[PDB]
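Asker: For any residue, its number in PDB author numbering is found by taking its place in the sequence shown, counting from 1, and adding 41.
Please find one structure pasted underneath; my questions will follow.
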Amino acid sequence: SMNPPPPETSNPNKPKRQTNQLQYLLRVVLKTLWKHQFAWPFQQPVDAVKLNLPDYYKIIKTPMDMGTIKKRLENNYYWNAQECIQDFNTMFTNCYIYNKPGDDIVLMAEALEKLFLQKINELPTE
């Protein structure tokens with residue numbers, strides 16, 4: 042029922058890059074999803090205490106959210122675009138794993154994911 046430590050957003054010994062694909066992931070992908078009317082439940086780690094989801098972290102072992110992704114991108118945490126794309130996919134997957142099919146939160150994730158897929162389709166060549 043308690044919250045775990047959040048995912049890391051800094052690791053000084055993890056090697057980093059700033060590539061045009063990672064720049065696109067911040068400037069286009071994250072910014073598009075962040076501003077959406079359905080972004081709010083995904084803008085920070087799930088607070089299982091405030092939201093009264095005492096089983097959330099029993100089920101979700103790889104938490105991810107856009108607050109974390111935003112910080113990772115701003116702090117150049119990633120080596121490659123695939124790591125960041127995986128974080129978005131983990132976020133959506135967690136939502137679909139935890140929640141009841143057809144719930145409104147699942148519709149919210151689906152709307153963000155549709156946009157994510159449209160943007161990733163045009164990921165620039167390195």
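Backbone N, C-alpha and C fix where the C-beta goes; we use that ideal spot for every residue, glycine too.
Might you give, ordered along the chain, the residues of its own chain that have their beta carbon closer than 8 Å to the beta carbon of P86, omitting 5 neighbours on each side?
Answerer: Cβ within range, chain order: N44, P47, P48, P104, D106, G108 and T109.
Asker: Looking at C-alpha atoms only, which residue of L114, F133 and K91 is the closest neighbour of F79?
Answerer: The residue with the shortest Cα to Cα distance from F79 is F133.
Asker: Which class does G108 belong to by DSSP, given the choice of helix, strand or coil?
Answerer: The answer is helix: DSSP assigns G108 an H, G or I state.
Asker: Please report the straight-line C-alpha distance between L71 and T50, rounded to a whole angstrom.
Answerer: Going from the Cα of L71 to the Cα of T50 covers about 15 Å.
Asker: Kindly list the residues whose CB is nearer than 8 Å to the CB of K155, restricted to its own chain and excluding five residues on each side of it in sequence; keep chain order.
Answerer: Closer than 8 Å at Cβ, skipping near neighbours: no residue.
Asker: Could you tell me how far apart the beta carbons of residue 202 and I126 are, in whole angstroms, since I believe they sit closer than 8 Å?
Answerer: The structure shown does not extend to residue 202, since the chain is modelled only from 42 through 167, so no value can be given for it.
Asker: So the candidates are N121, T73 and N54; which of them puts its Cα closest to the Cα of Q159?
Answerer: Checked all of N121, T73 and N54; the closest Cα to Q159 is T73.
Asker: Per the contact definition of three or more C-beta pairs closer than 8 Å, is the stretch 55-69 in contact with the stretch 135-151?
Answerer: Touching, no, given that fewer than three Cβ pairs across the two stretches are closer than 8 Å.
Asker: My output table needs one value for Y65: the three-state DSSP class, helix, strand or coil.
Answerer: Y65: helix per DSSP, three-state reduction.
Asker: Span of the alpha helix (DSSP H) holding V147?
Answerer: It spans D145 to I161 - the alpha helix (DSSP H) in which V147 sits, taken as one unbroken run.
Asker: Classify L63: buried if its beta carbon has 16 or more other beta carbons within 10 angstroms, exposed otherwise.
Answerer: Label assigned to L63: buried.
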